Each structure stands twice: as C-alpha cells, then as structure tokens.
C-alpha cells in the first residue's frame, strides 16, 4: 500500500497495538479490517 | 458521548485492544486519542 | 481492567504522560507495557 509505505508504515490488523499511538495512522490505504502503523511501533 | 453510547459502546484509549474487532466502531464522537468499543470489549 | 477501574483510572500505554505522577498508579492490572492513570490525567 503506497500511502501507508509513504508514511514509513506497514499494514496490521486494526486491534494490533502500535506504540506510541501517534505512529498509528489509521486505515490509510490498508485493507478493510487493517490499519497503518509506522515502523518502530509495537 | 451520544453517538458512541448510541452504538452500545464506550470510549477507550486509541490502542486499547477491542475483540472481536467488529466491536471497535472507531473514533465515533469519543475524544481525540480515544475510540468507541462495544460494552464487553477485548 | 478491574483494579485500575476500581481506583478510578484507565489503562494507557507505558509512555503516556500522566500528571501529576500521583495520579499514575503504575501497572496495576493493566496489560504488559500499560499503566493505570486516574481520570483527569486522561
């Protein structure tokens, strides 16, 4: 997903914890029932 | 909050795990950095 | 989680700023890498 990758992120299931919450970018262009979190997050 | 409550949810921090994920209704009208999950969630 | 909620808090990720530190109740029975902060610091 181009836009998630552009933000430095990857797609994960929407309930996956991404820390800090600022690195969780929301759905972006990930699929339905996934969200985009910045690499480094957890 | 009206809309979250109307869905039968409550507000929780943005990264709180809410399972099943269909019980997570996203931000709704919770505060910034919070999200609405159906009562009984995660 | 039960003890956190009992103490009037919510569980937030470990690096969430909770001030004043007296309203940061440490882990309580929040999940690994989360902590309990009193209503008002979040």
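Since chain B takes its numbers from Swiss-Prot, the residues it shows come out as 23-64.
Structure method, as recorded: X-ray crystallography, 1.7 Å.
Note that Cβ sites are derived from N, Cα and C of the backbone, with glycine treated the same way.
Taken from Swiss-Prot as is:
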DISULFID  B:26-B:58  disulfide bond
DISULFID  B:33-B:52  disulfide bond
DISULFID  B:40-B:59  disulfide bond
MOTIF     B:24-40  motif 'Nuclear localization signal'
MOTIF     B:49-61  motif 'Nuclear localization signal'
SITE      B:23  site 'Involved in the interaction surface toward Kv'
SITE      B:24  site 'Involved in the interaction surface toward Kv'
SITE      B:55  site 'Involved in the interaction surface toward Kv'
SITE      B:56  site 'Involved in the interaction surface toward Kv'
Site of maximum Cβ density within 10 Å, from disulfide-bonded residues B:33, B:40, B:52, B:58: B:58
Three-state secondary structure, residue B:24 (site 'Involved in the interaction surface toward Kv') (per DSSP): helix
Which of B:26, B:59, all disulfide-bonded residues, has a Cβ with the fewest other Cβ atoms inside 10 Å: B:26
Candidates B:23, B:26, B:33 (recorded positions) with Cα within 10 Å of residue B:56 (site 'Involved in the interaction surface toward Kv'): B:33
Listed recorded positions among B:33, B:40, B:52, B:55, B:59 whose Cα sits within 10 Å of residue B:23 (site 'Involved in the interaction surface toward Kv'): B:33, B:52
